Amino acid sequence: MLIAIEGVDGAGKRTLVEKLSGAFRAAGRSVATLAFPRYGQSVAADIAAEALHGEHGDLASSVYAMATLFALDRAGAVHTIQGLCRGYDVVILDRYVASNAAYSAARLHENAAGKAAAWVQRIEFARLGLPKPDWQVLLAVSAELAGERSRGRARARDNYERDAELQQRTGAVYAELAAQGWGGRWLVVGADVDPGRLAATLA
């Protein structure tokens, strides 16, 4: 059971993942969680983070270069994810493939029907062989509240987080992805969602 948690920056994903893990375990299911990008476990991830903070020359200026590094990070995580799914009943991922599609489209002012979304789909699911998630849960939230959360919980904000319009468009692209079942079945929830009920719903 592979579950992916998606959403904009400051949406509260970490928290949702926490509550959901407990609920699942409460219902006796073994849970494992993994977050992307894998800071500290991937050079591709680390360079991506440093790039979002202005480092590495013109790296961050390329939408596809950034998407590639995140995709390369997940690719190096294929055996890790398969290993988790084998050792636990529920594997929960804080951010996954859909993140790349939502942000890349948003940075290019494209929607779910744009080239970037389709490109991410082919690259990660078809070529890099990333395991399709059984569930993609979009934690939808107020753009203002999310923006403020990042501002408060800030370590300094990167170039994506300081881009209020990028965040709004990313929220919108996410909604389109969820509505059309991009990459599988989605579940849209709010911050005030009941863990136990959500868990019972997903599993």
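Heads up: residue numbers just count along the shown sequence, starting at 1.
- Unmodelled residues of the deposited sequence between neighbouring positions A164 and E165 number none; the chain is continuous.
- Higher mean CA temperature factor between 57-65 and 27-35: 27-35, per the PDB entry.
- Across the two stretches, 14-22 and 176-184, the PDB entry reports the greater mean Cα temperature factor for 14-22.
- The entry lists C-alpha B-factors for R86, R95, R74, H109, and the highest of these is at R86.
- In the PDB entry, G171 places in the lowest third of its chain by CA B-factor.
- Among all modelled residues in this chain, the alpha-carbon of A4 has a temperature factor (C-alpha) in the middle third.
- Looking at the C-alpha B-factors along this chain, the one for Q82 belongs to the highest third.
- In the PDB entry, a CA B factor belonging to the middle third of its chain's modelled residues is recorded for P133.
- For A45, the recorded CA temperature factor ranks within the lowest third of the chain's modelled residues.
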